[PDB]
Amino acid sequence: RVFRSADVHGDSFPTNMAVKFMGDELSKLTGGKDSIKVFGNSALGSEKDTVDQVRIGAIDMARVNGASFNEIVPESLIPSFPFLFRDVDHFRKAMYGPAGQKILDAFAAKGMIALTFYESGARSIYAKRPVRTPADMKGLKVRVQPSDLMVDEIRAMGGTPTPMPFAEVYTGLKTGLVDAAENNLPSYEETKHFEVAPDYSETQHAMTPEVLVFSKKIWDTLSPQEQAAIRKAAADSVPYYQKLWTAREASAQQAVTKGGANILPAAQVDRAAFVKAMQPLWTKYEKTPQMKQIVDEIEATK
Ligand SMILES: [Cl-]
Ligand SMILES: [Cl-]
């Protein structure tokens, strides 16, 4: 069969490519038969829309950002904690290890098989002015993802958060509904947010992963062999994604700078002030002993 999968990005974006790559792998490991069609550009709805559809089995899979599960899977809050990961190497070692698996395992109770994470860089503020310190955030109308944690993060930074679907952000910035948002560089480039919010300040406040989920209702009708093939194709798509993503982070920086954007480097930003303001949120979002244990396991990963 053709499995249907959702994504907010366009057809050439690394996430879409990775899942399409996964699709090609599946079609060999099943011999021509099975495949994945990726519906890009939010065609199937917002990330939250598409998560709900996966849960009820209206669609087979979605590639979405970790924050899109924050009201559903408590463990998904964790990798979105502000300043949790020290760097890319830490993210990788922690998330592709036993602690990341515990997070993935948590989705099953909520009607989803979480197949894999993909890295998503670090998210940073961008606006019509630069931002070095929480004082600079005051008065900015900052779009965030529809997540209570992300709302609180931007408030803790000093901005006024406003939840909006990914697809609507470019227009929101144009019309002045919002004058700021936050994301990684490749997203900053792809959506052309850089043309309306040309000041990118590397606050690097979160490193939320992408998660690839499969409908448990559909999953449970498959054989163990088919299930294993699907897990295998997913795992194999990660190194492929990594090659594209590593390159895209670098090229996106070049592209946006050539197009007028000004990146304020991480060292220029008062990380300590942001960390102090945001750190209380960990305790706020540790809902269970199980969550505490995972956070501590991640912190302990060196
Ligand atoms: Cl969205
Ligand atoms: Cl987003």
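Residues numbered from 1 in each chain as written, not as in the entry; some residues may be left out. Chains lettered and ligands numbered in written order. Heavy atoms only, no water.

Looking at the entry header, you'll see X-ray crystallography listed as the method and 2.1000 Å as the resolution.

Tallied over the entire structure, the rule returns 13 aromatic pairs. Ring centres of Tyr-126 and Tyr-188 lie 4.6 Å apart, and the angle between their planes is 45 degrees; on these two criteria the pair is classed as tilted. With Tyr-126 in strand β5 (residues 123-127) and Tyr-188 in helix α8 (residues 185-190), the pair connects residues that are 62 residues apart, well separated along the chain. On the accessibility criterion, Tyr-126 (1% relative accessible area) is buried. Judged by relative accessible area, which is 0%, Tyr-188 ranks as buried. Aromatic ring contacts, followed pair by pair, group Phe-13, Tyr-118, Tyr-241 and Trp-245 into a single cluster. Positioned over the ring face of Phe-39 is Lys-37, at 5.3 Å from the centre of the ring. Sitting over the face of the ring of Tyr-285, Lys-287 holds its NZ or CZ atom 5.3 Å from the ring centroid. (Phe/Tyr/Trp six-rings, centres within 6.5 Å; stacked < 30°, edge-to-face > 60°. Helix = DSSP H or I, 4+ residues; strand = E, 2+ residues; numbered from the N terminus. Buried < 20%, exposed > 50% of the residue type's maximum accessible area, 1.4 Å probe, protein only. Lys NZ or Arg CZ within 6 Å of the ring centre and 35° of its normal.)

Moving on: the packing of helix α1 (residues 14-28) against helix α11 (residues 224-258). Across the interface, α1 lies against α11 with an axial gap of 8 Å and an inter-helix angle of 145 degrees. The handedness of the crossing between α1 and α11 is right-handed. Residue-level inspection shows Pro-14, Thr-15, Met-17, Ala-18, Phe-21, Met-22, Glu-25 and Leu-26 of α1 in contact with α11, the latter providing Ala-229, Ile-230, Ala-233, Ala-234, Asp-236, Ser-237, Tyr-240, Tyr-241, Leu-244, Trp-245 and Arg-248. Residue composition of the contact of α1 with α11, grouped by class: 14 nonpolar, two polar and three charged. (Axes fitted to C-alpha atoms, helices over the stretch in contact; angles between N-to-C directions. Left-handed = near helix turned anticlockwise from the far one by under 90°. Contact = heavy atoms within 4.5 Å. Nonpolar A, V, L, I, M, F, W, Y, C, P; charged D, E, K, R; others polar.)

Ordered in space as β2-β1-β3-β10-β4, the five strands form an open sheet in which the pairing is mixed. The sheet terminates laterally at β2 (35-39) and β4 (112-118), the two strands that pair on one side only. Taken over all neighbouring pairs, the strand axes of this sheet differ in orientation by 25 degrees on average, direction set aside. As judged from the two bridges shared by strand β1 (residues 2-6) and strand β3 (residues 61-65), these two strands associate in the parallel manner. Pairing of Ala-6 across the sheet is with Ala-62, part of β3. The strands touched by α1 are β1, β2, β3, β4 and β10 (210-215); relative to β2, the strand with the most contacts, the crossing angle is about 160 degrees. (Pairing = 2+ DSSP bridges.)

When the charged atoms of two side chains with opposite charge come close together, those side chains can pair. Counting across every chain of the model gives 13 salt bridges. Of the charged contacts, one joins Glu-182 and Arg-123 as a salt bridge, the two residues approaching to 2.8 Å between their closest N and O atoms. Of this pair, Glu-182 sits in strand β8 (residues 180-183) while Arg-123 sits in strand β5, and the two are 59 residues apart along the sequence. Under the relative-accessibility criterion, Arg-123 is labelled buried at 4%. Close ionic contact of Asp-152 with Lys-284 constitutes a salt bridge, the shortest N to O distance being 2.8 Å. Here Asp-152, found in helix α6 (residues 148-157), pairs with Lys-284, found in helix α13 (residues 280-285); they are 132 residues apart in sequence, far enough to count as distant. (Salt bridge = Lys/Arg side-chain N within 4 Å of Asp/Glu carboxyl O.)

For helix α2 (residues 47-56), the complete set of buried residues consists of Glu-47, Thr-50, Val-51, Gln-53 and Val-54. All buried residues of α2 fall inside an arc of 160 degrees around its axis, so they share one side. In the stretch just after α2, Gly-57 is the one whose phi turns positive, near 85 degrees. (Arc of directions from axis to C-beta.)

This paragraph deals with the environment of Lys-192. Along the polypeptide, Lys-192 turns up in the loop between α8 and α9 (193-196). Judged by relative accessible area, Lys-192 falls into the partly exposed class, the value being 45%.

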